[PDB]
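Worksheet: one structure, shown below.
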Amino acid sequence: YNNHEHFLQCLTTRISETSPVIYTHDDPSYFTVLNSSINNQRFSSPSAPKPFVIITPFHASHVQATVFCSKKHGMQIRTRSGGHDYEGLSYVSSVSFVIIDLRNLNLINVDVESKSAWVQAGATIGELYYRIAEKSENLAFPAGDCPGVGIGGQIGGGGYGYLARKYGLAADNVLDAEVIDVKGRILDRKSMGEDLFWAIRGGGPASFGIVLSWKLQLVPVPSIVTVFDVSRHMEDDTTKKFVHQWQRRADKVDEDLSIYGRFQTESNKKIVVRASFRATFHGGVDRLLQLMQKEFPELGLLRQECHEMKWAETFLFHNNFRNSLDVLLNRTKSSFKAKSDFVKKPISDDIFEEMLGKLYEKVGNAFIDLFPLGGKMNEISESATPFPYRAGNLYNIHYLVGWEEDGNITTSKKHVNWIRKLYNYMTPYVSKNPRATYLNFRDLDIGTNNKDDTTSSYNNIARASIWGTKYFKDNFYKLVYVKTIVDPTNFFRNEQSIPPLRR
Ligand SMILES: *Cc1cc2c(nc3c(=O)[nH]c(=O)nc-3n2C[C@H](O)[C@H](O)[C@H](O)COP(=O)(O)OP(=O)(O)OC[C@H]2O[C@@H](n3cnc4c(N)ncnc43)[C@H](O)[C@@H]2O)c(*)c1C
Ligand SMILES: C=C(/C=C/c1c(O)cc(C(=O)OC)cc1O)CCC=C(C)C
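Add 158 to a position in the sequence shown, counting from 1, and you land on the number used in our numbering.
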């Protein structure tokens, strides 16, 4: 049926090849290209699905060529920017597929005077922050703190970080974009239309096309911002009461302050729960300390725990570069299962302790992170982008268990079973109808698409609404509309792709 030799002929006659663009199985570099941006090591096993070829475009025509031949020869495309997909959806598929790996499409053009930047979709967050800092210490972009994450995927799913309470998600700060649609057309915001421009900014662009570039609204930051990354003992009542106050106030304090939490256990053996709190305050240390005295005296934050620095240098601090130049952010690994939830009402202290108690089963390799919402996030409409979890959401909670990848599926299954049990435990206390899920914390467990029988688009939409309303609440229905208009034959699909309505 799908002749892979004809497909390869199609590729090589439509992609001229002197930089290497097409990587085949017998190419030794095929595996390093493949492996180099697999972040979740579960999916790097030789027994994980493997692309027939990997395409590293240098030019849009390479992408257009790939879309043409993949359509013509029945190949599925997986687009990869930073490779951080929790479930590896950018480089695994259960059908014959090619990866379009955008690592060479990482040009960034920052313009200080317009406070904007064109960013090719293969750039990483660290590359974006470096390029902004190159030009201004007073400009920023609201995105995440992991420097190796691809900007294509992070904005494609929303993009939260320390500036979100001040300026919203990365997706809330996109002025324009370039995308390749299923017809191979290069479209920007005007030519793609507002609805597709909406969908790719948080709706999972893999469902709709291939984003080549974003035009980003840069945002102002003071020359001095303050960070801390503070460890506390959850056995101390003041730390328990801090967490109690964090649940009720972290989304309400001064928008310039974002305090994340992280809980883990630590090791006659005694096991304890370490509670770590890491923050960026977009301002000076004296304002921070008096804010913390008013709002969170329970943390006992010390002036000596605070560190003032330029905005871009906080991503050194928050990635444990505390000895190093900003150039470390130009450097573009374990297996894990992660799950997450949005919290809309504070979790009573006893339940919170019980949830923490589950970490006693996974000392040192399981982590519960808390991320505050509110602030600017409450002022953004639930339909402004596909990300719907704005006002009414207090914080996001993120569960993660990690392990060394040794190709042992029994190890994997135990960890996944543990995290699934914690997630089930959490069900009554987190959002419901839908169980709010951040798309960038991708979780196939919340539901996937029809694979066996995809002939009824009514049934596809119904099945997809299960995971779809969890990621997007009522934005799911517009996403379906956009999918219907922009990719009616459903060329761009994966395990959790928006399905089109069909006749
Ligand atoms: C591993 C990791 C993830 C993080 C980290 N920190 C984050 C943070 O501080 N804030 C966040 O909001 N999210 C954080 N994340 C999560 C990442 O944002 C998500 O995991 C992103 O989806 C990852 O994006 P990327 O690194 O580009 O991963 P990919 O696997 O390449 O893509 C994910 C997904 O999106 C599709 N896609 C990517 N790029 C495109 C383009 N250009 N066009 C269309 N579709 C695209 C992929 O096909 C896939 O479906 C910190 C860490 C360590
Ligand atoms: C800053 C957040 C991301 C944090 C994050 C993290 O701390 C660790 C990892 C990770 O090591 O995986 C391997 C991945 C991550 O995404 C985004 C929160 C989203 C909300 C508030 C809707």
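All residues carry an ideal CB built from backbone N, CA and C; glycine is no exception.
| Asked | Found |
| --- | --- |
| Distance, Cα to Cα, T490 vs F439? | 26 Å |
| Mind checking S389: buried by the 16 CB within 10 Å criterion, or exposed? | exposed |
| What is the residue span of the alpha helix (DSSP H) that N582 lies within? | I567 to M584 |
| Just to confirm before moving on: does the CB-CB distance between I266 and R238 stay below 8 Å? | no |
| Excluding sequence positions up to five away, which residues of its chain have a Cβ less than 7 Å from the Cβ of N488? | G284, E285 and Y288 |
| Going by beta carbon distance, what residues of the same chain come within less than 6 Å of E563, once the five residues before and after it are set aside? | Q199 and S493 |
| For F599 and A496, I'd like the C-alpha separation in whole angstroms. | 7 Å |
| On the DSSP letters alone, give me the boundaries of the alpha helix (DSSP H) that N193 sits inside. | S187 to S194 |
| Go to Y418, then tell me how far its beta strand (DSSP E) extends in each direction, as first and last residue. | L415 to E424 |
| Does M392 get closer than 8 Å to chain B when you measure Cβ to Cβ? | The chain inventory of the structure shown lacks chain B, comprising one protein chain alone. |
| Below 7 Å, is the gap between the Cβ of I368 and the nearest heavy atom of ligand 1? | yes |
| Any idea which residues DSSP pairs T282 with across the strands? | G308 |
| Would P300 and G319 be called neighbours here (beta carbons separated by less than 8 Å)? | yes |
| Return yes when the Cβ of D346 is within less than 8 Å of the Cβ of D334, no when it is not. | yes |
| Taking the continuous beta strand (DSSP E) assigned at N267, which residues delimit it? | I266 to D269 |
| State the beta-bridge partners of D259 as determined by DSSP. | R238 |
| Name the one or two DSSP bridge partners that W276 has. | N267 and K373 |
| Do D303 and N477 have their C-beta atoms within less than 8 Å of each other? | yes |
| Please report the residue range of the alpha helix (DSSP H) in which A322 lies. | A322 to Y325 |
| Among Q654, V644, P658 and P204, which has the Cα closest to the Cα of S349? | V644 |
| My assumption, with CB atoms under 8 Å, is that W372 sits in contact with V277. Please give the rounded CB distance. | 5 Å |
| Apart from the five residues just before and just after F475, which ones in its own chain have a Cβ nearer than 8 Å to its Cβ? | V385, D387, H465 and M467 |
| So does the stretch 256-273 actually touch the stretch 212-231, counting three or more Cβ pairs closer than 8 Å? | yes |
| So is the beta-carbon of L321 under 7 Å away from any non-hydrogen atom of ligand 1? | no |
| With a threshold of 7 Å on Cβ separation, who are the neighbours of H220 within its own chain once the five nearest residues in sequence on each side are excluded? | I173, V179 and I213 |
| Thinking C-alpha only, which one of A622, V411 and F500 is nearest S655? | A622 |
| Leaving out five residues before and five after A329 in sequence, what residues of the same chain have Cβ atoms less than 6 Å from its Cβ? | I313, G316, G317, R359, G360 and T543 |
| Name the two residues that bound the continuous beta strand (DSSP E) containing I526. | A524 to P530 |
| Can the beta-carbon of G326 be found less than 8 Å from the beta-carbon of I196? | no |
| With a Cβ-Cβ cutoff of 8 Å, do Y244 and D601 count as a contact? | yes |
| Less than 8 Å between the CB atoms is what I'm expecting for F210 and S177, so what's the real figure, rounded? | Going by Cβ atoms, the distance from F210 to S177 rounds to 20 Å, so no, they are not a contact pair. |
| Assess contact between the stretch 570-581 and the stretch 224-231, defined as three or more Cβ pairs (one per stretch) separated by less than 8 Å. Is contact present? | no |
| Return yes when the C-beta of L286 is under 7 Å from any heavy atom of ligand 3, and no when it is not. | The ligand content of the structure shown is limited to ligand 1 and ligand 2, which means ligand 3 is not among them. |
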